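Two versions of one and the same chain are coming, encoded as structure tokens; call them structure 1 and structure 2.
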Structure 1
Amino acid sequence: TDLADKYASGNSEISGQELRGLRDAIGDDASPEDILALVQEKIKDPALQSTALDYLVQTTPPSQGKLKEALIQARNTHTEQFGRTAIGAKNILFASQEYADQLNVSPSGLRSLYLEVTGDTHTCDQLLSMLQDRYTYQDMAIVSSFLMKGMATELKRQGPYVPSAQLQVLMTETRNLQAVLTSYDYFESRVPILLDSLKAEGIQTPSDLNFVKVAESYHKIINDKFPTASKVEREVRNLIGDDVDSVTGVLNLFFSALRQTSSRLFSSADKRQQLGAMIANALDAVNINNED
């Protein structure tokens, strides 16, 4: 097996064939411009192109000093062209493919998502919002794992197109996202039960009330720089209305969620307890203020 197979091995998006096909397509007198043209023809994905170019520069012996210098110049040019779009996406090729498979989505889409995520600072919230409309919560968890994997990958690669500092922050934020998704899943299973049980006894809950709204409300509470029991109850009442059993249900649910929520999502363990205390206090307030 040659470099092309090394490149193609485990790489669900490049075959050793197309790489060899590319190297074979590039003549010894290929100008840097010629090289890029060919690479571009066979490979639309800048990541895969850059991959191809690496392959090409690398599969080219120094005997072909002019070609390699051309390929080097081509790749230098391609890299100059795409910078991170090529190099960053290239850096996380395998990751994108792994998770594309699990998600049954396109790896390139994931790399695009990834470059998107890594092309700028992104907070957890921004990541969640960036992902929610794109993925089921189940899949967001998977995507988050992907993002993490890709950034980890790039930080290890370094290079003038790895915004190393930036990726670090992004990974922090993506870990936060994962924590959030787990929390959302918590709510996914329990909210319906709560609402159905309320319903069974003729307690009407907002029909559009679902775990996400519940979870969202839950995470506003814990992300609140200045949460209170009143804010919590209010958050819950805003969420499910005022039926004592409903509010109690949700607060109970939030209370239970708190124990389950990742420490990442709290500035400290103290903050979690503080929130739990707030929720417990909310629960008390509900029953206290209950009349039925």
Structure 2
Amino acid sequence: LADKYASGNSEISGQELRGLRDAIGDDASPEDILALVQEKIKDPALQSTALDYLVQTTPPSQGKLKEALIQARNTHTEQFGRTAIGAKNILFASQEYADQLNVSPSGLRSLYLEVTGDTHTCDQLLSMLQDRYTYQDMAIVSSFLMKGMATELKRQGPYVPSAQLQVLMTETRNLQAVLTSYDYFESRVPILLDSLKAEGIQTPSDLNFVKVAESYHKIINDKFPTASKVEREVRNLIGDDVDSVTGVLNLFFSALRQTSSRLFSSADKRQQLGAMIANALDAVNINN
């Protein structure tokens, strides 16, 4: 039934599916069929969905038509590949998350196909997304990406690059942890900067939580960090006032404690970084 096939799909109605069915004659060619599907349905994922409905609900009396519909669907899949099938696989997730975000489901499916169409590291995902979404919305988008990928791994098929998706899920999980980290900086950085300003300590006026968080992540990802290289990172960020430098170092030490256990290679590595930061705090006081 068209209503059943359209149930819970916010982008196609039962009426639209029945209309398409009724417009397709018994002797329609595959080309005729695709022309009508294209006219009535704009998005390739939804076209593919409509084609599944048409094939599946053509009765035996219309054997010729069923064959033509199967050919039409095969041609559509030949045309689009993963662009149709991958998007179709995540249709309902895209609708759920589009509702959350108040955006188009199709735009989310395009983003999903962009993310899943290449290797991306966490850094690359952050860079793509931060120009397109607020940090708050990035967290929601990350949940969408995770849900979509898990759905495709459940579905399998030639247009699902399962091993690639597994790696992207690891990197997305990493992104989620980075976003949580950024929330700590978003809370604390304005407080620190306002506190310094209230005591007449000048800090660069373009310094914000993102820049501070970027410096912290650079330190935890450095293959050869040292106490001196942490202190220098901080001085490059906020300048040379002893209280400014101390405040950022304490903030980094606190951030370390709370960072996920996926953004370090081991608990030993996290401890080593903490000891470096503590050594930098001591150095800053000695040299004051």
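Throughout, rigid core stands for the largest set of C-alpha atoms superposing within 1.5 Å between the two forms. Quick note, the numbers are simply positions in structure 1, starting from 1.
Original post:
residue 45: how big is its Cα shift between structures 1 and 2, in Å, with the core superposed?
Top reply: That residue's C-alpha sits 0.8 Å away in the other form.
Subject >> Inter-form CA displacement between structures 1 and 2 at residue 277 - rigid core frame, Å >> reply: With the cores aligned, its C-alpha sits 2.3 Å away.
Subject >> Distance the CA of residue 205 travels between structures 1 and 2 [rigid core superposed, Å] >> reply: Superposing on the rigid core gives a C-alpha shift of 1.4 Å for residue 205.
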